[PDB]
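**Q**
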Amino acid sequence: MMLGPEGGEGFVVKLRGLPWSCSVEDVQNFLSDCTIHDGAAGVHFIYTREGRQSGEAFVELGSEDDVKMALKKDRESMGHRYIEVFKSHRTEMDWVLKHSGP
RNA sequence: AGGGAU
């Protein structure tokens, strides 16, 4: 937009939730109205040398319509655990996909 | 390590 508030600048979103670990098939199942830019070729995650995920991840998408639809469930659940989503701009995604740590 | 405010 250019006449209202914002929270990002790209067709990318952040992800958080699920057990200490997950897979690209669970995250794409949760954004069941969107596209992951290429699927298992647009997923991302964050972790440390200690041997576990940091608790967060990202999901690239195909268009502005997918990022909007991903935010429509920003705190929903799969049915036995809950999930989180937030808007992004991909610069932050790159900033931690290559600099994550304890 | 844990449900944070993303």
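Numbers 1 to 102, taken from the deposited numbering, label the letters of the first sequence in order. Backbone N, C-alpha and C define an ideal beta-carbon position, used for all residues, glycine too.
1) Alpha carbon to alpha carbon, how far is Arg81 from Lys73?
2) Less than 8 Å between the CB atoms is what I'm expecting for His89 and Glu60, so what's the real figure, rounded?
3) Counting only the same chain and skipping the five closest in sequence on each side, list residues whose C-beta sits under 8 Å from that of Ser77.
4) Report buried or exposed for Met1, applying the criterion of at least 16 other Cβ atoms within 10 angstroms of its Cβ.
5) Over what stretch of residues does the beta strand (DSSP E) that includes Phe30 continue unbroken?
6) How is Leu15 classed by DSSP in three states: helix, strand or coil?
7) Rounded to a whole number of angstroms, what is the C-alpha to C-alpha distance between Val27 and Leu3?
**A** The structure says:
1) 14 Å
2) With a Cβ gap of about 11 Å, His89 and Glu60 do not count as contacting.
3) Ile83
4) exposed
5) Segment 24-30 is the alpha helix (DSSP H) holding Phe30; no beta strand (DSSP E) there.
6) strand
7) So the alpha carbons of these two residues sit roughly 32 Å apart.
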